[PDB]
Amino acid sequence: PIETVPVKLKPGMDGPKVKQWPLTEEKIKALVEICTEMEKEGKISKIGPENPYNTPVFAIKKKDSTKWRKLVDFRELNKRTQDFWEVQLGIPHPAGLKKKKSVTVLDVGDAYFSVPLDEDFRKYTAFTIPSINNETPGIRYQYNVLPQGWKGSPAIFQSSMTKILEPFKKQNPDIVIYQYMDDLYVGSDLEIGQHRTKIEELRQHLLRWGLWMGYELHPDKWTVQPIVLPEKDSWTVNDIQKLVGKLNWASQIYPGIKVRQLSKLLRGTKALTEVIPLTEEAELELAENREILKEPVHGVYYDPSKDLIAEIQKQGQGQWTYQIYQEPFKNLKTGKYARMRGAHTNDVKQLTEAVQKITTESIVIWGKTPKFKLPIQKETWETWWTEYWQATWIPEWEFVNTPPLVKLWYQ
Amino acid sequence: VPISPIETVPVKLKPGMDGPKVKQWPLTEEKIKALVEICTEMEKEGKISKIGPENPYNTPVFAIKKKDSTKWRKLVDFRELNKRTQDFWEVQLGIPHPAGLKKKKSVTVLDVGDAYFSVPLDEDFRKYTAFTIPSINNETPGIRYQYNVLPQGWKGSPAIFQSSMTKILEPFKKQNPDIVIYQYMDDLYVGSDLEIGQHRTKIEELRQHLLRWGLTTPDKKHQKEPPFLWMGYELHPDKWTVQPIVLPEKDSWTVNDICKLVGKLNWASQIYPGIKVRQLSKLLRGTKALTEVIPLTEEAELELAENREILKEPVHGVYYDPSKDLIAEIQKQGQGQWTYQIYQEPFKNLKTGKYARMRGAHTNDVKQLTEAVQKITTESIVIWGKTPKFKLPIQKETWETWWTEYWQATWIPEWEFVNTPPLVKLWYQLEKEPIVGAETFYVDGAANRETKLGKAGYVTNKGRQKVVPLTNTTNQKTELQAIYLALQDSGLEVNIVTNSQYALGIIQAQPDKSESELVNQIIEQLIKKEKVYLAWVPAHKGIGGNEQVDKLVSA
DNA sequence: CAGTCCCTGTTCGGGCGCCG
DNA sequence: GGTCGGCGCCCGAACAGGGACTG
Ligand SMILES: Nc1ncnc2c1ncn2CCN[C@H](CP(=O)(O)O)C(=O)O
Ligand SMILES: [Mn+2]
């Protein structure tokens, strides 16, 4: 008996038309059950082929969670309704969330099923369940309530959410609460013990209004990976050559980098393994450039209007470096992930884990999700990526193939 | 007109476009008889209705012969209606395959008569389905009808039928959960593990549940005895195989007969193993006409004779046993060709196939082997919903060395080594640190964008040198040519330093084949070597011998 | 500097097969 | 004959985006 918030597509845009990709057996059975249940609870209803819109669907298991979780790839729909959840009913981003000692994530997607959706907008929420070996044609449905994974869901529910959080935000005014998609980010500087207590205080505070999860973060313990130069005592011609190429590639970021004196050490057509002594002027050009790499870049600052972009470099031996930027050579954050899941046995699982860890930091620090430049073939990624996804959101990406230049990020 | 027992599907035209108003084709007198014979009969059953001048629309119509029957099929040329009809989302996500079927105690197959003519069309749409039937006289005004059901030839008819069919089968599938009903258009594979007595009971139960909605299951099309004929296969209680495949034997081959041949060769590759269409598809490249006669090449006539001998012997597939694991094994047939077989018990093939796509100019067997596994993995999940275990002709250490060093992300599912030559291996390895006691070559290339001329050479630490004039070249061709020279005039261990990013990248991807001849020559010299080390330096920065050679090949 | 072109990878349009 | 839809393959032509060099 709740009134529907009317929504419209962005002007001059048709709904998403994305084909459903093949799914494994355990996922199709997990969807048939959840869709049979959600159809019985009036959350969804079957449709027909008169609907020209469609959206992929698949299921996941969150970290250390046995229950299957339905997930919809609403990326093409969120790109076509972007004017609604940024202009009319936007959510502010707390700048202090990234500074908290501990932040916890909660799957609050269950509450969105309590609010009905606009009737004229149910045409664009259509998805299709495939069958093994195409036993039956596509079993189609559409959403009758607020869908999990949409961008307009936390915007429509924002008014009801604030009134649920006020009895808790008043009792705890020093605690930061942020709502991004189907996740609720709660940050506090309390000790790790009483922090988990206030979580269960909110889990029961939300159950009495009609709603469970738990994933711990520590944003204060997030470090950056600076550009480091090797500290050797004996240098060869090849060492200095690799050093210059690395220092020249960095000179695009830090304009105060010079290689004049070092290039003078490479005057003769010398053998690579030949040891070259470091001149007096060169040993200082090496020390000064080490300090500039300690300094932060001049003129770098986040822009809310610009899109976030992130690149990932595979460094071997379970090492992965990443950078987040909006303009070229103006990096907002660098870093390095190590010994993730699938280390030394699966690259795709590591790359999937890295995209999740990076996207999580993007939500905490800026409230946006970056578009990814992924070091993997398009066909290699679109085959295995769903098998290791453990999040309720999905970022946008693209596929690159840049051979190694000169190691700029890892030693 | 009475009301159909099946729910109708609302259809609209695309906003801002009116129904079709196009002139009718002239029809042969043998087809006009076959049309009016079907036009007047469907009018009696309530499937088409006459219209007056209040219907300003018109669309063509014709008829073709039905396969193995004296009856004709009626079709409509809705090429102008379909353009202005709304877009539909199809539900048939793929074709079922017999390899995904599970052994069922009892099997039954039946095909309903006139499938599209048993499902109604939306009411508000039938006005745009106007057409004229030209009489035997060019002066007779003709009888203008309009459709009442799904017109064979409309772009929405198959999508509407498959959805309406599933909605009628749901009350039967909900009451009969253990009855596996493969639903493809109008054909229904019905299997069950019930005793053969209770089987025919559920058969008539469905044959009466389908009749309640206007779906007739003719005893002419009823099939209770194996072998069943399903989706162009033969289904026996233990084995299955494709229905016989007929290839043309033309003496003078045209381009169309190759496509008719190549197409049937790909259809046979699902159970008949070892089919190759590399040289036969090499006839279709750059060809201008469809009916142009093409003489068969010597390598093409051999490939055709081999595939004919493979089709001679009988082959058969098996069914999917969910208790035992799935296995897939690949072989390197030819340069750019691969074939694979999926099975559960040895030599008992579930299905076979081939992968031969050439991606990019520069590739290696390990790159192609990965591309083939992904093509198989997607194919398997479509049919069985799982990833098969792989037996690959690549050493475990060979794959380990590749993916650990490769800068791209790459991975292969649970697999095991099989010693079946030719074994996929990396033909050369670039060293990671410079080689002591090896001559060091500083190479660079340069060319003029207008003259298409350039130089390419090197300087060494032992005083060696060379520069070569080049014609009809680019800046990139020179930079590779500068490396090809350094590899020619060096010993068995060589250090090479270039300032070309384009060259370093292609080589580090350890390619063993390429479309460019210069790359194939560079690959060849690399395999002869024992140790090779590459490095990159920024040009025009006064580096070692890189500047000296940037000024030697400057012109 | 913006303007190229050299090279490489992708996307789509168009034939046949197969099924109904 | 020259209808629709699905899926598959192979080809060329069109599209596109990055890297070196140039007014
Ligand atoms: N070449 C074709 N063009 C259009 N539609 C076709 C077709 N082949 C089969 N269908 C649908 C099923 N048709 C039969 C009866 P018919 O073959 O007389 O149409 C049925 O409805 O069961
Ligand atoms: Mn039929």
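Quick notes on the rules
Residues numbered from 1 in each chain as written, not as in the entry; some residues may be left out. Chains lettered and ligands numbered in written order. Heavy atoms only, no water. Residues with missing side-chain atoms left out of burial classes, pairs and counts. Helix = DSSP H or I, 4+ residues; strand = E, 2+ residues; numbered from the N terminus. Rg over C-alpha atoms; globule rule 2.2 N^0.38 Å. Contact = heavy atoms within 4.5 Å. Near = heavy atom within 4 Å. Polar contact = N/O pair within 3.5 Å; in protein donor to acceptor, adjacent residues only side chain to side chain. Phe/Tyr/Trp six-rings, centres within 6.5 Å; stacked < 30°, edge-to-face > 60°. Buried < 20%, exposed > 50% of the residue type's maximum accessible area, 1.4 Å probe, protein only. Domains from an automatic or database assignment. Buried area = accessible area lost by both parts, 1.4 Å probe. Salt bridge = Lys/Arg side-chain N within 4 Å of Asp/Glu carboxyl O. Nonpolar A, V, L, I, M, F, W, Y, C, P; charged D, E, K, R; others polar. Axes fitted to C-alpha atoms, helices over the stretch in contact; angles between N-to-C directions. Parallel < 35°, antiparallel > 145°, perpendicular 65-115°, else oblique. Left-handed = near helix turned anticlockwise from the far one by under 90°. Pairing = 2+ DSSP bridges. Right-handed = clockwise from strand over helix to strand, strands pointing away. Areas by Shrake-Rupley, 256 points an atom, 1.4 Å probe, with all protein chains shown as cover. 1 Å grid on protein atoms, 1.4 Å probe; cavity = no way out; pocket = protein on both sides within 12 Å on 5 of 7 lines; lining within 4 Å. Points joined across faces, edges and corners; volume = space filled by probe spheres on them. Core = buried A, V, L, I, M, F, W, Y, C linked by side-chain atoms within 4.5 Å.

Mind laying out the overall build of chain A, listing which residues take part and the relevant values?
Along chain A, the regular secondary structure elements total 11 helices and 14 strands. Principal-axis analysis of the C-alpha atoms places the extent of chain A at approximately 80 × 55 × 40 Å.

Break down the overall build of chain B for me, with residues and values.
Scanning chain B from N- to C-terminus turns up 13 helices and 21 strands. The C-alpha atoms of chain B give 33 Å as radius of gyration, which overshoots the globular expectation for 555 residues (24 Å, by more than 25%). Its C-alpha atoms give chain B principal-axis dimensions of roughly 100 × 60 × 50 Å. Taking all contacts inside chain B whose residues are at least 6 apart in sequence as the whole, residues at least 24 apart take part in 69%.

How would you explain the protein's contact with DNA strand C if you had to name every residue and give the values?
Taken together, 25 residues surround DNA strand C, and among them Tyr184, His362, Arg449, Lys452 and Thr474 of chain B come closest. Counting only the atoms of DNA strand C within 4 Å of the protein, the fraction contributed by sugar and phosphate is 85%. One nitrogen or oxygen atom from the side chain of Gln377 of chain A is found 2.8 Å from a phosphate oxygen belonging to DNA strand C. A distance of 3.2 Å is found between a sugar or linking oxygen of DNA strand C and a side-chain nitrogen or oxygen belonging to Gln476 of chain B.

Which residues make up the packing of aromatic side chains, and what values do they have?
Counting across every chain of the model gives 36 aromatic pairs over all chains. With a centroid separation of 6.0 Å and 85° between ring planes, the pair formed by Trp389 of chain A and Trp393 of chain A is classed as edge-to-face. Both residues of the pair, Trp389 of chain A and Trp393 of chain A, count as buried. Residues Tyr189 of chain B and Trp230 of chain B carry aromatic rings whose centres are separated by 5.3 Å and whose planes lie at 45° to one another, so their mutual orientation is tilted.

Go over the domain arrangement of chain A, please, and point to the residues and values.
Residue and element names in this part refer to chain A. Per the domain assignment, the segments making up chain A are domain 1 (6-95 + 121-161), domain 2 (96-120 + 162-216), domain 3 (217-302) and domain 4 (303-411). On a C-alpha basis, the centres of domain 2 and domain 3 stand 46 Å from each other. In this complex, domain 2 contributes nine residues to the contact, which on the side of domain 3 involves four residues. Approximately 600 Å² of surface area, both sides summed, lies buried where domain 2 meets domain 3, with 56% of it carried by carbon and sulfur atoms. Interface area lost by domain 2 to domain 3 is led by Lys101, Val103 and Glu216, which between them contribute 55%. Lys101 serves as the salt-bridge partner of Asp220, at 3.6 Å between the closest nitrogen and oxygen. The interface formed by domain 2 and domain 3 includes three residue pairs in polar contact. Ranked by residue count, the leading element in the side of domain 2 that touches domain 3 is strand 4 (residues 102-107), at three residues. Tallied by class, residues from the side of domain 2 that touches domain 3 come to four nonpolar, one polar and four charged.

Please set out the packing of helix 10 (residues 475-488) of chain B against helix 11 (residues 501-508) of chain B residue by residue, giving values where relevant.
Residue and element names in this part refer to chain B. At a minimum axis distance of 9 Å, the contact between helix 10 and helix 11 shows a crossing angle of 60°. In terms of orientation, helix 10 and helix 11 fall into the oblique class. Handedness of the crossing formed by helix 10 with helix 11: right-handed. Residues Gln476, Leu480 and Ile483 of helix 10 form the contact with helix 11, whose own contacting residues are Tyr502, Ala503 and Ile507. Looking at the contact of helix 10 with helix 11 residue by residue, the classes come out as five nonpolar, one polar and no charged.

Before we move on, could you go through the protein's contact with DNA strand D and cite the residues and values that matter?
All names here are of chain B. The immediate surroundings of DNA strand D are formed by 29 residues, with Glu90, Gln92, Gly286, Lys354 and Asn475 found nearest. The separation between a sugar or linking oxygen of DNA strand D and a polar main-chain atom of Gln92 is 3.1 Å. Sorting the residues of the surface near DNA strand D by element identifies strand 2 (61-65) and strand 3 (72-76) as the ones contributing at least two each. Across the surface near DNA strand D, the residue classes break down as 11 nonpolar, nine polar and nine charged.

Outline the sheet that holds strand 10 (residues 309-316) of chain A, listing residues and values.
Consider a sheet: its strands pair through backbone hydrogen bonds, and that pairing is either parallel or antiparallel. All names here are of chain A. Read across the sheet, five strands follow the order 12-11-10-13-14 without closing on themselves; strand pairing throughout is mixed. Both outer strands of the open sheet, strand 12 (330-338) and strand 14 (397-399), are each paired with one neighbouring strand and no more. This sheet shows a mean twist of 20° between the axes of neighbouring strands, independent of strand direction. Together, strand 10, strand 11 (319-327), strand 12 and strand 13 (371-374) form the strand contacts of helix 10 (residues 347-365), whose direction differs from that of strand 11 by roughly 40°.

Give me the lowdown on the pairing of strand 15 (residues 389-392) of chain B, citing residues and values where you can.
All names here are of chain B. Relative to strand 15, strand 12 (residues 327-334) runs parallel, the two being bridged by three bridges. Its bridge partner lying in strand 15, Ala328 is registered against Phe390. With three bridges joining them, strand 15 and strand 16 (residues 415-417) adopt parallel strand pairing. Looking at strand 16, one finds that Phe390 is bridged to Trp415. What joins strand 15 to strand 16 is helix 9 (residues 396-405), and the crossover it makes is right-handed.

Now, about the side chain of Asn172 of chain A: what can you tell me, with residues and values included?
When you line up the elements, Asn172 of chain A lands in the loop between helix 5 (158-171) and strand 7 (176-180). Reaching out from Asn172 of chain A, the side chain makes a polar contact with the side chain of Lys198 of chain A at a distance of 2.9 Å.

Quick rundown of the site of ligand 1? Include the residues and the values.
Residues and elements named next belong to chain B. Within the structure, ligand 1 sits among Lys66, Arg73, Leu75, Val112, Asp114, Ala115, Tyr116, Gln152 and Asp186. One of the side-chain nitrogen or oxygen atoms of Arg73 is found 3.1 Å away from an oxygen atom of ligand 1. Contact between ligand 1 and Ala115: an oxygen atom at 2.7 Å from a main-chain N or O atom of the residue. Considered on its own, ligand 1 offers 480 Å² of accessible surface; in the complex 66% of this is hidden by protein. The residue inventory of the shell around ligand 1, partitioned by class, reads four nonpolar, one polar and four charged. Built from parts of two domains, the shell around ligand 1 gets at least three residues from each of domain 1 (1-91 + 117-157) and domain 2 (92-116 + 158-226).

With reference to specific residues and values, describe the interface of chain B and chain A.
Accessible area lost upon the coming together of the parts is a frequently used measure of interface size. Contact with chain B, which involves 71 residues of that partner, is made by 62 residues of chain A. Here chain B and chain A share an interface that buries about 5,600 Å² over both sides, 56% of which is from carbon and sulfur atoms. When the buried surface of chain B facing chain A is broken down by residue, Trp89, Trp407 and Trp411 of chain B rank first, second and third, together holding 16% of it. For the interface between chain B and chain A, the tally reads three salt bridges.

Report on unusual backbone geometry, specifying residues and quantitative values.
Of note, the amide linkage connecting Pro226 of chain B to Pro227 of chain B takes the cis form, showing an omega dihedral of 5°. In this fold, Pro227 of chain B is placed in the loop between helix 4 (196-209) and strand 9 (228-230). The omega torsion across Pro421 of chain B and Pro422 of chain B is 0°, close enough to zero to call that bond cis. Backbone geometry at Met181 of chain A places phi at a positive 60°, although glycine is not the residue there. Structurally, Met181 of chain A can be placed in the loop between strand 7 and strand 8 (183-188). Residue class for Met181 of chain A comes out buried when judged on its relative accessible area of 9%. In this structure, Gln317 of chain A is a non-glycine residue whose phi angle is positive, near 55°. Classification of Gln317 of chain A as exposed rests on a relative accessible area of 60%.

So, empty space enclosed by the protein: which residues are in play, and what are the values?
All names here are of chain A. Empty space within the largest cavity amounts to approximately 80 Å³. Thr104, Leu106, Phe168, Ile175, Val186, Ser188, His195, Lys198, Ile199 and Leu202 are the residues that line the largest cavity. Broken down by secondary-structure element, the contributors of at least two residues to the lining of the largest cavity are strand 4, strand 8 and helix 6 (192-207). Split into classes, the residues belonging to the lining of the largest cavity amount to six nonpolar, three polar and one charged.

Explain the nonpolar core to me, using residue names and the numbers behind them.
By size, the foremost hydrophobic cluster in this structure holds 90 residues, and its most contacted members are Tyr185, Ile312 and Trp389 of chain A. Residue contributions to this core peak at eight residues, all from helix 10 of chain A. Other than its neighbours up to four places away in sequence, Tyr185 of chain A contacts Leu97, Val103, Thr104, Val105, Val176, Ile177, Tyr178, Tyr180, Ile363 and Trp393 of chain A. Core analysis: the next-biggest nonpolar cluster, separate from the first, contains 49 residues, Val9, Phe88, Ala115 and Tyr116 of chain B among them.

How would you summarise the pairing of strand 14 (residues 348-355) of chain B if you had to cite specific residues and measurements?
Along any regular strand, the residues point their side chains to alternate faces of the sheet. Residue and element names in this part refer to chain B. Most of strand 14 is tucked away: six of the eight residues are buried. Sheet topology places strand 13 (residues 337-345) next to strand 14; seven bridges connect them, and they run antiparallel. What sits directly across from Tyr343, in strand 14, is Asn349. Between strand 13 and strand 14, which pair antiparallel one after the other, the connecting turn spans two residues, and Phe347 there sits at a positive phi close to 65°.

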